[PDB]
């Protein structure tokens, strides 16, 4: 008889290297690329090998729609031990009284986390106020132009941004407090994806209370810092805290929603009092509202990343983050670079390349060709969103490998040497000023020797450190 049926059995147990060498090559190619690169993209990091194991496990198989104690099909006994162990670890990592804070750990990624909160607390066409995109706010905090609403947050809800003060570089809280009285937010977003300094959660809570609006923090970018205490915690001031489980938390791609439960209103003559109904609203928006079967294999990685974040090693790792950040920010500042806002209270800095006579658009694509990766970003006071003059560098990714202040100064010198190239390639184009032309001149032969020269040096340096996972 024709028995490829015992072969089909083999295919399900065949290892990756054998089943599909094509993606096995793509993976081991990327693994190499990561190890020979100085990763300065602020939102990057290298996930623990304990997280990567839990990620791909038989946990991938169980559908477990619902929540513990409200599952829908029989089999959710060990997936229940997990989801409650995970959200239990979360509430510990940030030292929250479980009777004052609940958490939902099902959101698929960060953006899906934020959107679920709006669905649960704002309702369609409710007004939302977040930091403007070019001033350092994430897409899901609202983004829309004269012509079209671009971010889903702006499509299904009515958003209006509040901006940073271009003279100082800090959030303009006075103008927010003022415009809020004209816009009437229902929920204010206290979060950023490219802000050097701390948020005045204390003052944002006052603005939200005066307008009758929820205050939700999007600590995705500083979740790791907040957890180690290296940055003041948004929990004592916010009604809801959304977070990405990666970036500075070194977990797998996922997201969580912290929501205060307990008592909300006083009523000093009514006797009885109001209570936070955030638990039911948020959980009902995640499911049956927006998602389906939770990614139990992702909750596993989040659970182990949360334990890893409550360690002592993790505490000092985050302190090195902020230290390596200022160590870098200082080195560039000494070299004559304008660091937006003057410095940083967290893991990233926005350097305004107009102090050296270039823009982040051209500088980004030349550093990349040298195996040091980052991203452009508009600066407070930028004259056009098309020629952004800023680069956003962050430590967490590199410092996760072992880099120290001493080392990050070498990283700042390599960076500068990259800008030295950008200025040269820009002087050649000069009069003929077009990104397509600049993009080509670099790929041209004249500089293909100079870029290779700096590229050899940066990779020889990056190779000296470890790379968690492989």
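Numbering follows the first chain given and starts at 1.
Of the two segments, 310 to 318 and 115 to 123, the one listed with the higher mean B-factor is 310 to 318 (C-alpha atoms only).
Two stretches are in play, 1 to 9 and 459 to 467, and the higher mean C-alpha B-factor belongs to 1 to 9. Out of 60, 64, 32, 48, it is 32 whose C-alpha atom has the highest B-factor in the PDB entry. Each of 166, 161, 262, 229 has a CA temperature factor in the record; the biggest one is found at 262. Residue 129: CA B factor in the lowest third of modelled residues in this chain (values from the PDB entry). Sort the chain's modelled residues by C-alpha temperature factor and residue 302 lands in the lowest third, per the entry. When the CA B factors of the chain's modelled residues are split into thirds, the value for residue 325 lands in the middle one. The deposited CA B-factor of residue 247 belongs to the middle third of values across its chain. Among the modelled residues of its chain, residue 146 has a C-alpha B-factor that falls in the middle third according to the deposited record.
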